[PDB]
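There is one chain below, alone, in structure tokens, taken in the form deposited in one PDB entry.
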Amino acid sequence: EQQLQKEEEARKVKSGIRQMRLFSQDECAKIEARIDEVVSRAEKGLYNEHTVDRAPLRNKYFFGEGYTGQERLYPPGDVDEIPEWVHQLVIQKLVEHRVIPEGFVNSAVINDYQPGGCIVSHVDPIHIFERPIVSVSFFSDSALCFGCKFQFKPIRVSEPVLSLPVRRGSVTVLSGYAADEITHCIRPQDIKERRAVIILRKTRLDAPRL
């Protein structure tokens, strides 16, 4: 049956996921206030054009490096640099906890979700980003789904291969099978209240530029 295939796939996805709670209630509160500062600055028109991407239920803020399966890296300096508080409050903690080495992160993206927000099935562009992919969830708890046939064929398949809880203050690290061989997504029903995520990545040298 398809039950053995779904279990073997989930096994493979799991081996590409590492997760741990690194940030306390207070550390989150400090970072969450800084994320609110970023939303204000965007609204004040203080950022470069390509720094901010506005969409109905979700907003994206690109720092260090940003982009538009033919994604392209904007020319150097076209997006705002990674704010100091990100280096100080987020990247440092990860470096101290041996999640990623120092100097690795050149790209930080903040996704800001409304309740009812979602991300459609995708693979983090392999031509743009190196692995691993690190992400830290903030305002509330949610879930990350892997294997996303269901978003398009809910008749033939009603569930993802795997759902991963992403609680406030947790660090999720994706590599191998989980980052390369399978799509991920977030379902609208899994975002009940406001949610933000900071995604920390290194871009590839040969990432096709504009």
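So that there is no doubt, residue numbering starts at 1 and follows the sequence shown. Between two forms, the rigid core is the largest collection of C-alphas that superpose within 1.5 Å.
In the deposited entry, the stretch joining residue 68 to residue 69 is interrupted by 10 or more residues of the deposited sequence lacking coordinates. Look at the C-alpha B-factors of 179-187 and of 158-166. On average they run higher in 158-166.
As listed in the deposited structure, the average C-alpha B-factor of 131-139 and of 73-81 is greater for 73-81. Residue-level inspection of the entry shows that, of 22, 17, 200, 197, 22 has the top Cα B-factor. In this PDB entry, residue 41 carries a Cα temperature factor that places it within the middle third of its chain's modelled residues. The deposited CA B-factor of residue 28 belongs to the highest third of values across its chain. In the deposited entry, the Cα temperature factor of residue 122 places it in the lowest third of its chain's modelled residues. When the modelled residues of the chain are ordered by C-alpha B-factor, residue 48 sits in the highest third. The entry lists a Cα temperature factor for residue 108 that places it in the lowest third of the chain's modelled residues.
A second form of this protein, the form deposited in another entry, is not displayed here; the remarks below concern that form.
Of the residues 30, 54, 153, 167, exactly one exceeds or equals a 2 Å C-alpha shift between the shown form and the other one once the rigid core is aligned, and that residue is 153. In that other deposited form, the separation between the C-alpha atoms of residue 186 and residue 157 shrinks by 3 Å or more relative to the displayed form.
Expansion of the residue 20-residue 151 CA spacing by 3 Å or more is recorded in that other deposited form, set against this form.
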